[PDB]
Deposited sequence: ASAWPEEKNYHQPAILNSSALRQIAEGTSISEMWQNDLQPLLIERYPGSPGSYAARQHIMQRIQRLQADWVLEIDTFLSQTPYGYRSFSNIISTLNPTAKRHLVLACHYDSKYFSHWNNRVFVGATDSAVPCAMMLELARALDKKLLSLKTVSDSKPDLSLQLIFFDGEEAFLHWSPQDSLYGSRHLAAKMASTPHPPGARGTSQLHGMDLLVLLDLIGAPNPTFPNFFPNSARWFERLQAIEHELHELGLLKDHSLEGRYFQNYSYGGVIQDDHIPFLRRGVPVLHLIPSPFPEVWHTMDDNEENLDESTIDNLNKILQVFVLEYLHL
């Protein structure tokens, strides 16, 4: 049939030079991210809540003000939960929806459901309000360079709804939005008119951000087949450090360690991984100390660590896109 689905296997980056790295490092404002992209999301936003619709409106609005031609679809669906049927809505933002291949950035925008505890409200700053904000910032910071898109490859953002369990993590109570969107893409022909290939095939690489925002994260390399792209993240961290472009950062405590994890951490990528999508899982091990506590808030975030990772990520995306 069609073998384009193999191009991602042979795709190679266009490594940036020191002058361009500097540019990128200069091009991203951590403090504008914090005010315009991050703070509006630090609300209770479990699926079906008022905050979910708010968070959903804020993500679409911030994406809309940008010059690049983002197409936004709200993939709304119904699914059974421990509390009955409920409605969920994934946010999908795509440049050039026609192109066969797309590099995918994503995270979950729901917050785990938890009634008030000690009069406190769970807002999951690292899980995953910050990954959401890093995605919005990457799109703003790279707006002009992405506008250049009008190799048949472009960029897609996915903000999954319903990553978290409502009552008890299990295969039927978890990954609502990603289980839905992976099965939908696996059976939607791509590109338009194709007779043998799916959108799931068009996913060049799924870069899943989760649990980012704490100090000193250590990201393992999880998969033998995306290991080379993990190595680019290592390389980019190193060079930005040597060029004085990172803050409060030591090579003794670098983010992208040279160690592998022999297993898997259940997350929104599992539905795509099982169907053969390559994944770069940017989740740290161990998890933040504030994981699933009421302390996973704004005050326990580390501003420098997010700034640094924004720069590493933005470099990675431009190098993947040859921009």
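K.L.:
Where does the structure fail to cover the deposited sequence at the C-alpha level?
P.N.:
The deposited sequence has one unmodelled segment, at 151-156.
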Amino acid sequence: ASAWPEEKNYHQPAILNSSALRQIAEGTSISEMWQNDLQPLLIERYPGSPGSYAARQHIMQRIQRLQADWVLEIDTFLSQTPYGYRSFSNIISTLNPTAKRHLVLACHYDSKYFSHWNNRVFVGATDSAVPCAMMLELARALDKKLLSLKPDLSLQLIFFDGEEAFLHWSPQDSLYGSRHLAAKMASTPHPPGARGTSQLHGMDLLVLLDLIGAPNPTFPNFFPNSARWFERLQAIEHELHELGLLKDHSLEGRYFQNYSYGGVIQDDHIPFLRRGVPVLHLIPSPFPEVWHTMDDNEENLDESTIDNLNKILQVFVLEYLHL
From here on, numbers count along this sequence of modelled residues.
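In this text, the rigid core denotes the largest set of C-alpha atoms whose superposition between the two forms falls within 1.5 Å.
K.L.:
Relative to this form, superposed by the core, which stretch has the greater CA RMS in 5 other deposited structures of this protein: 122-130 or 162-170?
P.N.:
So, of the two stretches, the farther one in 5 other deposited structures of this protein is 162-170.
K.L.:
Between 29-37 and 259-267, which has its CA atoms farther from the current form in 5 other deposited structures of this protein, using a rigid core superposition?
P.N.:
Larger mean C-alpha displacement, comparing 29-37 and 259-267 in 5 other deposited structures of this protein, is found in 259-267.
K.L.:
As stated in the PDB record, which stretch has the larger average Cα B-factor, 253-261 or 269-277?
P.N.:
Mean CA B-factor is higher for 253-261.
K.L.:
Taking the values straight from the PDB record, which of 133, 208, 211, 146 has the highest C-alpha temperature factor?
P.N.:
146 has the highest C-alpha B-factor of those listed.
K.L.:
Divide the modelled residues of the chain into thirds by Cα B-factor and specify which third, lowest, middle or highest, holds residue 70.
P.N.:
Highest third of the chain for residue 70's C-alpha B-factor.
K.L.:
Select lowest, middle or highest to describe the third in which the CA B-factor of residue 160 falls within its chain in this entry.
P.N.:
For residue 160, whose C-alpha B-factor we compare with every modelled residue in the chain, the answer is the lowest third.
K.L.:
Lowest, middle or highest third: where is residue 17 by Cα B-factor in its chain?
P.N.:
Residue 17: CA B-factor falls in the highest third of its chain.
K.L.:
Consider only the C-alpha atoms of the modelled residues in this chain, order them by B-factor as the entry records it, and name the third containing residue 176: lowest, middle or highest.
P.N.:
Its C-alpha B-factor belongs to the lowest third of this chain's values.
K.L.:
In terms of the CA temperature factor given in the entry, to which third of its chain does residue 315 belong: lowest, middle or highest?
P.N.:
Residue 315: CA B-factor falls in the lowest third of its chain.
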